[PDB]
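Protein chains in written order, with the entry's author numbering: chain S, 870 to 1014; chain V, 436 to 821. A virtual CB, placed ideally from N, CA and C, is assigned to each residue, including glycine.
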Amino acid sequence: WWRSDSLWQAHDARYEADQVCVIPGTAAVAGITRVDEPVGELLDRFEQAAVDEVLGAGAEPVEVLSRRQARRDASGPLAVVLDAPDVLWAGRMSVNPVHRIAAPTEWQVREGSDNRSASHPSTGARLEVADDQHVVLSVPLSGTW
Amino acid sequence: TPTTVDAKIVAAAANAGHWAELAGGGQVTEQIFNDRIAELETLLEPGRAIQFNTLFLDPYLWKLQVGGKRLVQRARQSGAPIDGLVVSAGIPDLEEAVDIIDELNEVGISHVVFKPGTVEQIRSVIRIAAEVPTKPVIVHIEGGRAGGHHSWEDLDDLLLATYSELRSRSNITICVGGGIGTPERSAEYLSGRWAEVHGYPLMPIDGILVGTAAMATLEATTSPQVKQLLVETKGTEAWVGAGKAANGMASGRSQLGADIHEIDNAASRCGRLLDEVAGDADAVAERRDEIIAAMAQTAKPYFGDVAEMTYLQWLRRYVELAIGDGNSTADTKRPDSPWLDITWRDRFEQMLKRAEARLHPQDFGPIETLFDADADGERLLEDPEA
Ligand SMILES: Cc1cc2nc3c(=O)[nH]c(=O)nc-3n(C[C@H](O)[C@H](O)[C@H](O)COP(=O)(O)O)c2cc1C
């Protein structure tokens, strides 16, 4: 009777909060000081200071950090097609057809590998991928003609 | 459970560009939980994706999960944004884990999440990893220094011993968690420098989870007074065995006997009394005066003397406890808040209808046929005093 459903009073309750079971951890509490600090701030605070510590010693103003403020990338259009397993259509998530296009294809062709802009990946399933209008990646599949 | 159950915070955390797990301990049905995902996907901006957390503890939830997993299956068969599943409090057996991994929603699962608490539990997941070597498995290694569900197992020694075998599987993503509020203290586990204190060569980690430090956050539904309470609590170094409130933190056992880390400074009355009552139950009748008054101190009120108490006092006590004046249950019903107590309002009705059932000498024609009408009865309900 005492311990049942004791976790909900910590949220949206006007009652004295010294009567309530509220759940922290022991050692993590020390790291808890700032109150009503947005989630985005705390999680970034972790990432941003982890970056600085990694940057300063080993990286020392790395090309990766400089490329970011200047907008340069890893995994360009050709890689992105072969990387992300999820293919979005509207608000729905689908599996990457290239996963089933790449290997199962009888004849698979990667056109102009080292050159990014002209890069093309085609298959005997009749599915071909190329880039158009910069960031837009164009996948072209065909049935018969 | 309390924190991430709100669709608002898990969305806001994801909209900040971060991975998060929607709590399942606050959702008792497929339908009620499907509302949350719908509220999530609405607050989810384009493309953004979240995961789900489930508990192994009791059979009813595991039977509910059969409907729950098929709900997750149906959702992702419909193409739902939720990209992961988290099994908690225990590690499913191989045949149980294979099912989860191989579900119709599998691609939408994209990885499976397990939380080993013991050396044996770790070795169990390794066997789940070798089961499907091509399926990503994120192994979150927690402590008992963590919050909520507890354990007697050290943070280091477990990972210290089992790390080598964990790295023989490429599909295993090692994630250390517990007792971490900051990037600075958690940086050494990432570099692998943390194992050097124990003499073991560098032992890097792939990821880090923060449970506790995110509770005082702005978008969290934690009450203003409760947040201030979590704050003023002083923290500690490596957990100590001696029974006490330790840095505003003392362990306590749930109804099933498993330990729970709760705040014993912010609230010192519930936890310590519970330990008193627990260790004291043979002679409870003798300490009854001491025990029954302490329930009233923590606001777990018994009723005034049961016989002598007037039916009003009965019916007025339920209204007192169930109906908040500040939140205005009538005004609480209009937004359609999930905090709605409606079973409590239905509880009070069955008591009211029992009161008419108890005192009426006649055929019960006039009274019962009135209060039972929808339009009539619901209007009578929103006005408890009347
Ligand atoms: C209020 C609260 C509720 C929690 N609920 C669950 C849960 O339902 N399932 C679970 O596996 N872990 C749960 N946890 C544990 C966290 O998922 C995480 O493992 C732990 O909090 C990390 O340790 P730390 O917060 O002390 O750093 C909960 C923790 C807290 C504080």
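Distance cut-off 6 Å: residue i Cβ against heavy atoms of ligand 1
i	result
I892(S)	yes
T438(V)	yes
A886(S)	no
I536(V)	no
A897(S)	yes
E577(V)	yes
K662(V)	no
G613(V)	yes
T489(V)	no
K550(V)	yes
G460(V)	yes
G646(V)	yes
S689(V)	no
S875(S)	no
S686(V)	no
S523(V)	yes
Limits of the alpha helix (DSSP H) - the one that residue i falls within
i	result
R979(S)	Looking at the DSSP string, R979(S) is not in any alpha helix (DSSP H); the run it does join, the beta strand (DSSP E), is 977-980.
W629(V)	Note, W629(V): premise wrong, no alpha helix (DSSP H); not H, not E.
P801(V)	800-806
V933(S)	932-938
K768(V)	764-768
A564(V)	554-564
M730(V)	723-732
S703(V)	Where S703(V) is concerned, there is no enclosing alpha helix (DSSP H), given that its DSSP letter is neither H nor E.
residue 835(V)	No statement about residue 835(V) is possible, as the shown extent of chain V runs from 436 to 821 and does not include it.
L590(V)	590-601
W779(V)	777-794
Top-ranked residue by Cα proximity to residue i, from the options
i	options	result
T992(S)	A948(S), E975(S), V1005(S), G960(S)	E975(S)
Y495(V)	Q462(V), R814(V), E555(V)	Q462(V)
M730(V)	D740(V), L708(V), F806(V)	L708(V)
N450(V)	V908(S), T902(S), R883(S)	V908(S)
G642(V)	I615(V), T657(V), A649(V), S658(V)	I615(V)
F487(V)	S626(V), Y746(V), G543(V), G459(V)	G459(V)
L996(S)	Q878(S), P966(S), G981(S), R940(S)	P966(S)
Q1002(S)	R979(S), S986(S), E922(S)	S986(S)
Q663(V)	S875(S), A948(S), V964(S), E885(S)	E885(S)
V891(S)	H584(V), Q500(V), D518(V)	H584(V)
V898(S)	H696(V), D807(V), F799(V)	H696(V)
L593(V)	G579(V), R604(V), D760(V)	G579(V)
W779(V)	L756(V), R604(V), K788(V)	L756(V)
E820(V)	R793(V), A681(V), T764(V)	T764(V)
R604(V)	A581(V), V574(V), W587(V), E619(V)	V574(V)
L601(V)	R628(V), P551(V), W629(V), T804(V)	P551(V)
residue 432(V)	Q500(V), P516(V), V741(V), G678(V)	Chain V is shown only over 436 to 821; residue 432(V) falls outside these bounds and no answer can be derived.
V521(V)	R471(V), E456(V), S658(V), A510(V)	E456(V)
Those residues which DSSP pairs with residue i across a bridge
i	result
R688(V)	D694(V)
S658(V)	Answer is none; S658(V) lacks a bridge partner.
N469(V)	Answer is none; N469(V) lacks a bridge partner.
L520(V)	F487(V), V547(V)
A681(V)	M684(V)
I609(V)	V574(V)
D1000(S)	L1006(S)
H880(S)	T657(V)
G583(V)	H696(V)
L499(V)	DSSP output for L499(V) lists no bridge partner at all.
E910(S)	None; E910(S) has no bridge partner.
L947(S)	Its beta-bridge partners do not exist; DSSP assigns none.
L457(V)	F487(V)
Integer-rounded CB distance, given that residue j should sit under 8 Å from residue i
i	j	result
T668(V)	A701(V)	6 Å
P946(S)	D905(S)	Not really, about 42 Å apart at Cβ, beyond 8 Å.
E474(V)	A442(V)	4 Å
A596(V)	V632(V)	Incorrect: roughly 15 Å between the Cβ atoms, too far for contact.
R704(V)	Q732(V)	6 Å
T652(V)	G900(S)	Going by Cβ atoms, the distance from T652(V) to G900(S) rounds to 13 Å, so no, they are not a contact pair.
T569(V)	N606(V)	7 Å
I576(V)	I609(V)	7 Å
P639(V)	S626(V)	7 Å
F491(V)	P527(V)	7 Å
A685(V)	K679(V)	7 Å
Heavy atom of ligand 3 within 6 Å of residue i beta-carbon
i	result
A581(V)	Here the bound small molecules are ligand 1; ligand 3 is not part of this structure.
Range covered by the beta strand (DSSP E) that runs through residue i
i	result
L637(V)	Run containing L637(V): none; DSSP gives neither H nor E here.
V956(S)	955-958
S991(S)	989-992
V964(S)	961-964
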